[PDB]
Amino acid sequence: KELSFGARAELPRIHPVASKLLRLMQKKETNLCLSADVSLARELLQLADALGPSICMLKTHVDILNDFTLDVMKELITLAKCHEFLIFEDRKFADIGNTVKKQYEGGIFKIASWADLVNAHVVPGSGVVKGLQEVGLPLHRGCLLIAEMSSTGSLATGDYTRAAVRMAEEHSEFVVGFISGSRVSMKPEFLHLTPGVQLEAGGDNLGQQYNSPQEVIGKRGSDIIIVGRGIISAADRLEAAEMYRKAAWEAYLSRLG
């Protein structure tokens, strides 16, 4: 039997970051993660401010941001606190442990100083998680493992997926869930976030495949939808965000009771 996000937030094994996330989801009635896939800091900040009330999470690709500075991240954190959402840097760490720990803590981006969550590919094996955790645990951060991908020809299937789940179970002090197309783990302490989501059928020219919030949350058992162009490419991004929020929320409520 399924538990609400409010109840999952209180589970004995829950990670502090997941708990915070689960409580604001319940509070705000949102399971929408905005993929803020933009290249200007002013658009990112105007989107985070305007859409902040509608989202549980803001997902960034900081290496696209033409005018990144740490001060932009300071501003984004202010918005994140004001409106109550997490910040998720979609960096997809996918190197050896020794390398990823420097990528996570250092360089120009100082990802770990502002990102509540990051993600990693499990291909390098479990050293990728061990490496990130040496920076991440002291900073009280969490990590998502990419168990499945939305894109055409994805190799993240079968035993690869089983292996991402195992890696997650075995690093539960730092790993809080998955990027996947569906529920991959039966343990309610793990979050499932699903990208490749649009209201209408379709894809793009570069291998992206879309499914609807009702399919993803309702039929496939995921918890959160990640949506980029479905919102960002709309004229009214607030209204688009609201239409995604309400679809994912109701899909959730319907799966629950």
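The term rigid core refers to the most C-alpha atoms you can superpose between the two forms while keeping them within 1.5 Å. So that there is no doubt, residue numbering starts at 1 and follows the sequence shown.
- Of the two segments 153-161 and 95-103, the one whose CA positions lie farther from the displayed form in 5 other deposited structures of this protein, once all are superposed on the rigid core, is 95-103.
- Relative to its counterpart among 164-172 and 121-129, 164-172 has the higher mean temperature factor, C-alpha atoms as listed in the PDB entry.
- Stretches 85-93 and 70-78 differ in mean C-alpha B factor, with the higher average recorded for 70-78.
- The PDB entry assigns the greatest CA B-factor among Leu137, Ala147, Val100, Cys143 to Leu137.
- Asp223 sits in the lowest third of its chain by CA B factor, as recorded in the PDB entry.
- The deposited CA B-factor of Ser35 belongs to the lowest third of values across its chain.
- Among the modelled residues of its chain, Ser154 has a C-alpha B-factor that falls in the lowest third, as given in the PDB entry.
- Among the modelled residues of its chain, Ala41 has a C-alpha B-factor that falls in the highest third, as given in the PDB entry.
- In the deposited entry, the Cα temperature factor of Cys56 places it in the lowest third of its chain's modelled residues.
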